[PDB]
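Chemist: My sequence and its experimental structure, below.
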Amino acid sequence: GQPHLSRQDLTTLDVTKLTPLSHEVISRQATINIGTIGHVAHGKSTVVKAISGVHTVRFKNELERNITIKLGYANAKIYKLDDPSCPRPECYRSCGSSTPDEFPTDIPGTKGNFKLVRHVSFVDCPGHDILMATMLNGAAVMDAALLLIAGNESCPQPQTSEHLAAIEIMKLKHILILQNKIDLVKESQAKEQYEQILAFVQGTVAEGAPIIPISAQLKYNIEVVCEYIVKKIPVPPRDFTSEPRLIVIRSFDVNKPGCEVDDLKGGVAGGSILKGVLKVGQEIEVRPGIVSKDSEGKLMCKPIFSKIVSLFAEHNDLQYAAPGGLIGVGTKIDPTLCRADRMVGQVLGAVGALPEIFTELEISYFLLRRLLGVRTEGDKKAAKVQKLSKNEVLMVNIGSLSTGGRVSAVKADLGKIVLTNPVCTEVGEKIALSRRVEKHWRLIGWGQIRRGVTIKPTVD
Amino acid sequence: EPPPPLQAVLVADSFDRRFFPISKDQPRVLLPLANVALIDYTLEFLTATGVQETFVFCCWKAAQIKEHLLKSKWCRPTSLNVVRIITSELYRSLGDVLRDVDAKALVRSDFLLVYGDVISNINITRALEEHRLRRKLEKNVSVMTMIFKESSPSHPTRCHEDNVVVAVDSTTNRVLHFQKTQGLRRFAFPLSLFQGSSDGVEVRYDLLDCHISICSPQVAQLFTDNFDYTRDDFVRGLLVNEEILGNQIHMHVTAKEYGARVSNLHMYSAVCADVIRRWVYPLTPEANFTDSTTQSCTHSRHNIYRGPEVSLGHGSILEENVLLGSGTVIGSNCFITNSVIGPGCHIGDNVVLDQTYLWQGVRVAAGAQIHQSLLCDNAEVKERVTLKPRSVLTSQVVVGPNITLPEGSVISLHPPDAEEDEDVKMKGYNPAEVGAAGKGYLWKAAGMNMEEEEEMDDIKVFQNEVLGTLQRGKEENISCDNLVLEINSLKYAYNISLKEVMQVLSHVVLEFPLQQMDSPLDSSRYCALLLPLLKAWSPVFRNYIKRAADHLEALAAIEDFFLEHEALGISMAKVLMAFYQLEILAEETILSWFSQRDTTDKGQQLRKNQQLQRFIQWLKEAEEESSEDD
């Protein structure tokens, strides 16, 4: 629906032929996810801003909810110069997602038009909710990592151990290390910092990883990062054949105040696609949909049936959506149900192809006992993780589906969790747990859904 | 754009057991204060302040609350305050109620948040106007305005449980810090309050918490976002997290208007005394604000309210602050002062009542002396009975003749702790405490706790943390991968190099059987104890020690451990072939261990000991037998 980009046609579309490196899909939306495991004040946001430019966000709410939990995404197109005269990594260039598939060279590289290679999405969180977001479910949250260490400090900083513990627990095999803020660092200082870094990562998953030094503010050696994304990062395997599923992360009401009747639109639901391809005009079911209570106070759920009016990927308009980024499905649902992120925590998929709606879970949890990679300074009990107690509110994080939960009973290691709102899942899924230590939610263990109380979705 | 009609969210459940065991048979909001239910006081306050829609959320005994509300003045078609009752059994806190409010989208603009036990005559118009002006000037910044009342810290309506201290920016009436002073003798205020405001950071201890709030829908939104949240939790979280979210809480202080919350029996007594003495005017007992025919009375001198059909015995003296319910019969030569007596009561002759509250149907026999005691519905007191201060008799409780119940005594028809522990063996009414024909059980400090009774070489810590972690792993059958997770996390946290990693690993593993061991040091028993630890925990060794020359480091650690523990030297082999059988060490490493003798003299005799001669021969015997396997 937008010019200067590869045409998308539903008729000339086959799910089996679709691959993560397909030019048609990459031309409009990102296909792979590379979470940046860094830290604020160290260039965590600056690196992503330099790589992917500056975004504008098509739809934004007046009030931001769960800003410390939201899994932010940032799309970046990486291109390669076809002229062999231009030396690497200058042939590799990063830019925004709105650029055309080919643009003429802006450098004196003796001609040669740049061609789109890949489209990446940076899974960045203001905290560490990434850990229990992706630590046992797996799904397709990401397949790479960007461990960031600044240069002014000396490795290992007290904020580094948690990052390495996160890299280990995520079971990520593809990690790239970016030494930021090394511009104001002497050569000997940089060398000794690199030596400390390799000593710290000795015997860990970050053994065979690049230690690329970059300067985010001045945009130095970003092309090296793009090159290692091209080469070091392998193509993840994705399943485009199954019925599509999307975990709803955002939700907007796009109708401006004082708009005409003919200009009314449905509810736009942003989210992440796990497995399948969404098509415009496809009948979709959102579960648990409308959750209400009886006169006596009994939970009941009515799944919301609708049709995909349109699909958006950042500023681009799509005809079919594939996993590998934040896709916003504009639908026919009433804006009342999708205003101010009121549909977050729901699963949107093909009709009759959604998991069961649970209100309570019976999980087999393995409780952690010290916070991962934390320095216990003074207070030895601060890093200790207490045992689960009755009437304690945890944070169950099934993949990207966040939900609260009150522990009702623990026998030996089988804990019953009463969710605040019913969620769609299946028996045997890997879930994680979090606890409010102070000012934050911190991972304290994981488990499996042995059993659970389900609720029958009433349909009229 | 006029704002919609003012709405109120009334929480009819206290979500705690501060009135146990009186709340076992009656909800708190239905307890009669001056012969009028508390929820009636709250509804009258809401209607007077200009609330047009009220949502009453009932969880505990919601049927009784609904039944009482349907007959009330505010459930009539002529009422300008439409009362809608929402009931659910899944309510456990005010957080649940506000989350349900957000889920139902009941409120569109600023509303009133109060509990069902708030007695007040405050007109909220000024505070509401200030709140709306603040939200207009700064968009979506101020989210809540709490109502406070000026009071001295020594006032009887300020119990230590609900006492609060507030650090406030006096220029804008903004709450910067909120703390509860229960059990404290020194109040601590973070220095972060003195960041922007260099003039007004008034620390106020003269504020009485009215438990009335003007809340925007952002309050419900934040309660939904933070599913772990009571109101105090919300206030503390908002004040702490002001950096992440730029939300603010302001306060409004009233000096000429009354407002309080009946959260315990002490507050109940204080608020009842204030109500009787017209401190909450026009909510006075004779005003008949409930519009009920049985709750009308005439107000004579000395704040004496007398109902209809009240018979007073000859010689009886009502001193002051006495409210008599309709149909009460009082005997001769009685002395009643500062007491509230419900309708249908029967008082004998020569009865002294001082600061006591008798509810509906209480019968008191002649000669009783009651001071600062609460007698719930249909309670009975026999002759020659003395009730010491702070004595509570719940519903259908009879106290036998010739007793003197001590201070703090609570007698209820429910067993004291039977069902409390059970949360079958009918226990007889003990006449030693309730007397003959006495029905009830003494309720001790089990429920009295909230009744009417009040006024570096960081390698060593690495070693011991690893030891503890593996102890817990042994106790809980923790999988090898989870164990490796734990030691890896410790290694990154404390920044320990790999060499030290397997040094400490072998060190702790080898002393693990010795932690529970005395010193009848038997090599065979030591090996028997160590073998399950070696075989079950072998993957840790396999995945932690593998490369080149690390096996030599592990062997050096073993040599050091056993040179310290010489008495187990017989089980050199019992350790070496055990480490071999699990592929922890290879043939080349074990052969090169004794190839050089740079160690001390003892190490040499650790290579040629009594069992070490045979095992050093076996070190090549296995080499020549390796043709058969591996």
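Modeler: In hand now; what should we look at? Numbers count the residues shown, from 1 in each chain, chains lettered A, B, ... in the order given.
Chemist: alpha carbons only for contacts and neighbour counts from here, please
Modeler: OK.
Chemist: For the stretch 201-350 of chain B, which segments are assigned as helices?
Modeler: Ranges of helices in the stretch 201-350 of chain B, per DSSP state H, counting those that start in this stretch, are B:217-225, B:231-240, B:265-276.
Chemist: which residues touch the last one?
Modeler: For helix B:265-276, contacts defined as C-alpha atoms under 8 Å, 6 or more residues apart in numbering or on different chains pick out B:19, B:33-34, B:119, B:156-159, B:260-262, B:280-281, B:283-285, B:303, B:321-323, B:338, B:451-452, B:454.
Chemist: Just give me the neighbour total for whichever residue of the stretch 51-200 of chain A sits closest to chain B.
Modeler: As assessed by C-alpha to the nearest C-alpha, chain B sits closest to residue A:161 within the stretch 51-200 of chain A, at 5.1 Å. By other C-alpha atoms under 10 Å in any protein chain shown, the residues close to residue A:161 number 25.
Chemist: For the stretch 151-300 of chain B, what lies in contact range of chain A?
Modeler: B:222, B:225, B:227, B:228, B:237, B:240, B:241, B:244 (C-alpha under 8 Å from any C-alpha of the partner chain).
Chemist: any idea which of the residues you listed is the one closest to residue A:407?
Modeler: Using C-alpha to C-alpha, residue B:228 is the member of those that sits closest to residue A:407, with 11.7 Å.
Chemist: ok, how many other residues are close to that closest one?
Modeler: Residues near residue B:228, counting by other C-alpha under 10 Å: 21.
Chemist: Which residue is the nearest non-sequential neighbour of it?
Modeler: residue A:393 (5.5 Å; C-alpha to C-alpha, 6 or more residues apart in numbering or on different chains).
Chemist: Can you report phi and psi for that neighbour?
Modeler: When read as degrees, to the nearest 10, the backbone of residue A:393 gives phi -90, psi 120.
Chemist: How many residues are close by residue 440?
Modeler: Picking chain A for this. With other C-alpha under 10 Å as criterion, residue A:440 counts 14.
Chemist: my bad, the chain I had in mind was chain B
Modeler: Residue B:440, neighbours per other C-alpha under 10 Å, totals 27.
Chemist: same question, residue A:43
Modeler: 21.
Chemist: which residues touch it?
Modeler: Taking C-alpha under 8 Å, 6+ apart, one finds A:148, A:150, A:180, A:181, A:216 in contact with residue A:43.
Chemist: Please see if the helix or strand where residue A:366 lies touches chain B.
Modeler: Per DSSP states H and E: residue A:366 is located in strand A:356-367. No. If you take C-alpha under 8 Å from any C-alpha as the test, strand A:356-367 misses chain B, and the best it gets is 8.6 Å.
Chemist: partner strands of that strand, parallel or antiparallel?
Modeler: strand A:414-425 (antiparallel), strand A:441-454 (antiparallel) (DSSP bridges).
Chemist: Let me have those in a markdown table, adding distance to residue B:1 and mean neighbour count as columns.
Modeler: Listed next are the strands paired with strand A:356-367 as a markdown table, based on distance: least, C-alpha to C-alpha, whole Å; neighbours: other C-alpha atoms under 10 Å in any protein chain shown:
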| stretch | distance to residue B:1 | mean neighbour count |
| --- | --- | --- |
| strand A:414-425 | 35 | 22 |
| strand A:441-454 | 41 | 20 |
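Chemist: Need these in TSV (columns: distance to residue A:318).
Modeler: Formatted as TSV, the strands paired with strand A:356-367 follow (distance: least, C-alpha to C-alpha, whole Å):
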stretch	distance to residue A:318
strand A:414-425	27
strand A:441-454	36
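Chemist: any chance of the helices of the stretch 201-350 of chain B in CSV, with distance to residue A:51 too?
Modeler: Output for the helices of the stretch 201-350 of chain B, formatted as CSV (distance: least, C-alpha to C-alpha, whole Å):
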stretch, distance to residue A:51
helix B:217-225, 32
helix B:231-240, 34
helix B:265-276, 63
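Chemist: Tell me the residue of the stretch 201-350 of chain A that sits nearest chain B?
Modeler: Taking C-alpha to the nearest C-alpha, the stretch 201-350 of chain A has residue A:297 as its residue nearest chain B, at 4.4 Å.
Chemist: Next, count neighbours for that residue.
Modeler: Residues near residue A:297, counting by other C-alpha under 10 Å: 15.
Chemist: C-alpha coordinates for stretch A:56-73, PDB please?
Modeler: What follows is stretch A:56-73, C-alpha atoms only, in PDB (Å, rounded to 0.1, in the frame of the first residue of the first chain):
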ATOM      1  CA  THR A  56       8.100   8.200  15.300                       C
ATOM      2  CA  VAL A  57       5.500   5.400  16.200                       C
ATOM      3  CA  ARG A  58       2.300   5.400  14.100                       C
ATOM      4  CA  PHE A  59       0.000   5.100  17.100                       C
ATOM      5  CA  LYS A  60       0.700   6.200  20.700                       C
ATOM      6  CA  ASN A  61      -1.500   6.400  23.800                       C
ATOM      7  CA  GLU A  62      -1.700   9.600  25.900                       C
ATOM      8  CA  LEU A  63      -0.800   7.500  29.000                       C
ATOM      9  CA  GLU A  64       1.900   4.800  28.900                       C
ATOM     10  CA  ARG A  65       1.100   1.800  31.100                       C
ATOM     11  CA  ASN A  66       3.800  -0.600  32.400                       C
ATOM     12  CA  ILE A  67       6.600   1.400  30.900                       C
ATOM     13  CA  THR A  68       9.100  -0.500  33.000                       C
ATOM     14  CA  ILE A  69       7.700  -3.800  31.600                       C
ATOM     15  CA  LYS A  70       6.900  -3.000  27.900                       C
ATOM     16  CA  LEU A  71       9.000  -4.900  25.400                       C
ATOM     17  CA  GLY A  72      10.000  -2.200  23.000                       C
ATOM     18  CA  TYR A  73      10.900  -3.000  19.400                       C
END
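Chemist: Show me the contact partners of that stretch.
Modeler: Taking C-alpha under 8 Å, 6+ apart as the rule, stretch A:56-73 contacts A:121-127, A:129-130, A:249, A:252-254, A:314-315, A:325-326, A:340-341, B:222, B:225, B:244.
Chemist: Name the residue closest to the centre of chain A, please.
Modeler: Centroid-nearest residue in chain A, with C-alpha atoms, centre = their mean: residue A:123, separated by 4.2 Å.
Chemist: Please name the residues that touch that one.
Modeler: A:33, A:34, A:35, A:36, A:71, A:72, A:73, A:74, A:142.
Chemist: Type out the PyMOL command that picks the buried ones from these.
Modeler: In PyMOL, a selection of the buried entries from the contacts of residue A:123 looks like this (16 or more other C-alpha atoms under 10 Å in any protein chain shown):
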select buried, chain A and resi 33+34+35+36+71+73+74+142
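Chemist: wait, which of the contacts of residue A:123 is closest to residue B:481?
Modeler: residue A:142 (22.4 Å).
Chemist: Over in the stretch 101-250 of chain B, which residue gets nearest chain A? Let me know.
Modeler: residue B:228 (5.5 Å).
Chemist: ok, that residue touching residue A:403?
Modeler: No. In this structure, residue B:228 is not within contact of residue A:403 by C-alpha atoms under 8 Å, at 11.0 Å.
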